[PDB]
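Read through the structure below, which is laid out as structure tokens, and then see the notes.
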Amino acid sequence: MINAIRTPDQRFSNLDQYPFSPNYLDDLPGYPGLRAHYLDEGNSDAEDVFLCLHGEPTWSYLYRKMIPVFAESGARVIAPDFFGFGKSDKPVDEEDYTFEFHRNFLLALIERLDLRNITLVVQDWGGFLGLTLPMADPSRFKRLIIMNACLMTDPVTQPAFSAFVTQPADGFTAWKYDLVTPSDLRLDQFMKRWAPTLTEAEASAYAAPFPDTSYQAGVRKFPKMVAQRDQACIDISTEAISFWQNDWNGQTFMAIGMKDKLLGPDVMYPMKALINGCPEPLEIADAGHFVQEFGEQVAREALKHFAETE
Ligand SMILES: [Cl-]
């Protein structure tokens, strides 16, 4: 119904450090004929579920160094790929990707798999979407690991959540230009620029899902939804603030990638004040936007903060 295409499996033959088996769902309510891929690691009967949400322009491959740390602690780890990315199917029209299209996929997934005692792990788009989830069914969420991300509220309510869009020029302006303009977008080159510590092999794992441009409509729309927030996004993100501030009673762990020009200190300090009981953030000095590429340390530390409370 939604015209989509699927990445050929051979594209993922030679992945580096990604020995996780695939799981797929193609029966989601509202998502007819669309197949979603997701990792399901560690003990499936575990009490604790770590739900790892990726952002722009990556996939579950992003959490590859984190997954094993969480699985080794005795937690089941779920890492889905959004429609348009990684091993999931990719709608071909940019108009098909909306804030609600991606948000409703997540609620559907959560319900379909019946996840409970969830430790939400977010970053970038994983957080813009992810942070609006608990208020829809609060009994399923218990903890939060927040890396560089915020809420897509209107500019008046939270100016810090809108300011990074225009300044600095080598920040979100540069990122968006790099993503929406090339007619021949090479994700491996983009990734090596924005995550300078990646090896050649790691960089190509991020280009793997996209043989050509026809596969990159969701990649292209994400940055535009940051710049042009529709009303449902604004209303839902505005309503999530109240939830974080007054309603949330779980545990939180925050890590900030200090070299991030998009969502660094001036976006995440303000986020820290809105999350009831959020503690002092772990500042990672050598980390950029993709904190996850210094993921083992964050996972290790997060588990240690959480255990010092059980
Ligand atoms: Cl983006």
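Each chain of the structure tokens is named A, B, ... in the order shown, its residues numbered from 1; ligands are numbered from 1 in display order.
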
Open item on the list: Can you pull out the residues contacting residue 26 of chain A? Cut-off 7 Å, using only C-alpha atoms, and skip same-chain residues under 4 positions away; I want them as a ChimeraX atom specification.
Closed with: /A:33-36

Selection to disk with C-alpha atoms, as an mmCIF file, in the first residue's frame:
```cif
data_model
loop_
_atom_site.group_PDB
_atom_site.id
_atom_site.type_symbol
_atom_site.label_atom_id
_atom_site.label_comp_id
_atom_site.auth_asym_id
_atom_site.auth_seq_id
_atom_site.Cartn_x
_atom_site.Cartn_y
_atom_site.Cartn_z
ATOM 1 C CA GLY A 33 3.161 -5.247 4.001
ATOM 2 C CA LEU A 34 6.123 -3.506 5.608
ATOM 3 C CA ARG A 35 8.795 -5.624 7.184
ATOM 4 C CA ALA A 36 10.753 -4.188 10.177
#
```

- [ ] Give as an MDAnalysis selection string the residues surrounding ligand 1 up to a distance of 8 Å, considering only C-alpha atoms and all ligand atoms.
- [x] chainID A and resid 55:57 124:125 172 175:176 221:226

Selected residues, C-alpha atoms, written as a short mmCIF file (atom, residue, chain, number, x, y, z; two decimals), in the first residue's frame, please.
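Result file is part.cif:
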```cif
data_model
loop_
_atom_site.label_atom_id
_atom_site.label_comp_id
_atom_site.auth_asym_id
_atom_site.auth_seq_id
_atom_site.Cartn_x
_atom_site.Cartn_y
_atom_site.Cartn_z
CA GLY A 55 18.75 8.13 14.86
CA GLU A 56 19.79 9.91 11.63
CA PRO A 57 21.36 8.50 9.32
CA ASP A 124 19.28 12.00 18.15
CA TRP A 125 16.06 10.93 16.44
CA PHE A 172 23.01 21.39 12.08
CA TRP A 175 24.67 18.35 8.59
CA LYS A 176 21.40 19.05 6.84
CA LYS A 221 13.31 13.47 5.30
CA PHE A 222 14.71 13.27 8.87
CA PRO A 223 16.72 16.53 8.71
CA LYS A 224 13.76 18.31 7.16
CA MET A 225 11.45 17.28 10.02
CA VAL A 226 13.97 18.94 12.42
#
```

Task: d(atom CA of residue 21 of chain A, atom CA of residue 78 of chain A) in Å - done: 11.9 Å

TODO: Go through A:164, A:31, A:215, A:294 one by one, measure the shortest atom-to-atom distance of each to residue 65 of chain A using only C-alpha atoms, and give the residue with the smallest value.
DONE: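 With only C-alpha atoms as the atom set, the closest residue is A:294.
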
Open item on the list: Residues near residue 245 of chain A, anyone? I mean within 7 Å using only C-alpha atoms, not counting same-chain ones fewer than 2 positions away, as a count of residues only.
Closed with: 8

Task: Residue nearest residue 179 of chain A - candidates A:148, A:216, A:197, A:73, atoms counted: only C-alpha atoms - done: A:216

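Residue nearest residue 109 of chain A within the list A:75, A:28, A:52, A:67: A:28 [criterion: smallest interatomic distance, only C-alpha atoms].
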
TODO: Can you work out which one of A:271, A:106, A:278, A:254 has the shortest atom-to-atom distance to residue 160 of chain A, counting only C-alpha atoms?
DONE: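 Smallest separation from residue 160 of chain A among the options: A:271.
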
Open item on the list: Ranking A:37, A:112, A:304, A:186 by minimum distance to residue 80 of chain A and counting only C-alpha atoms, which one comes first?
Closed with: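 Of A:37, A:112, A:304, A:186, the one nearest residue 80 of chain A, counting only C-alpha atoms, is A:37.
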
TODO: State, in Å with one decimal place, the distance from atom CA of residue 296 of chain A to atom CA of residue 147 of chain A.
DONE: 13.2 Å

TODO: Extract the full set of strand (DSSP E) residues from segment 40-264 of chain A according to DSSP on the backbone, and format it as a ChimeraX atom specification.
DONE: /A:40-41,49-52,76-80,90-91,118-122,141-147,251-257

TODO: For residue 90 of chain A, work out the shell of residues within 6 Å, counting only C-alpha atoms and skipping chain neighbours fewer than 4 positions away, then give it as a VMD selection string.
DONE: chain A and resid 4 to 5 83 to 84

The selected residues should be written to file as an mmCIF file, in the first residue's frame (atoms: N, CA and C atoms).
```cif
data_model
loop_
_atom_site.group_PDB
_atom_site.id
_atom_site.type_symbol
_atom_site.label_atom_id
_atom_site.label_comp_id
_atom_site.auth_asym_id
_atom_site.auth_seq_id
_atom_site.Cartn_x
_atom_site.Cartn_y
_atom_site.Cartn_z
ATOM 1 N N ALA A 4 7.191 0.636 -0.967
ATOM 2 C CA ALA A 4 8.468 0.432 -0.284
ATOM 3 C C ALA A 4 9.351 -0.549 -1.047
ATOM 4 N N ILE A 5 10.632 -0.462 -0.766
ATOM 5 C CA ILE A 5 11.615 -1.396 -1.320
ATOM 6 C C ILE A 5 12.442 -1.950 -0.172
ATOM 7 N N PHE A 83 11.661 2.198 9.671
ATOM 8 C CA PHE A 83 11.331 2.022 8.283
ATOM 9 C C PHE A 83 12.183 3.092 7.627
ATOM 10 N N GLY A 84 12.903 2.761 6.571
ATOM 11 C CA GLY A 84 13.802 3.638 5.839
ATOM 12 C C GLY A 84 15.262 3.398 6.173
#
```

Open item on the list: With distances taken over only C-alpha atoms, which residue among A:263, A:60, A:252, A:284 lies nearest residue 307 of chain A?
Closed with: A:252

Task: Shell around residue 2 of chain A at 8 Å using only C-alpha atoms, local window under 4 positions removed, as a ChimeraX atom specification - done: /A:32,91,96
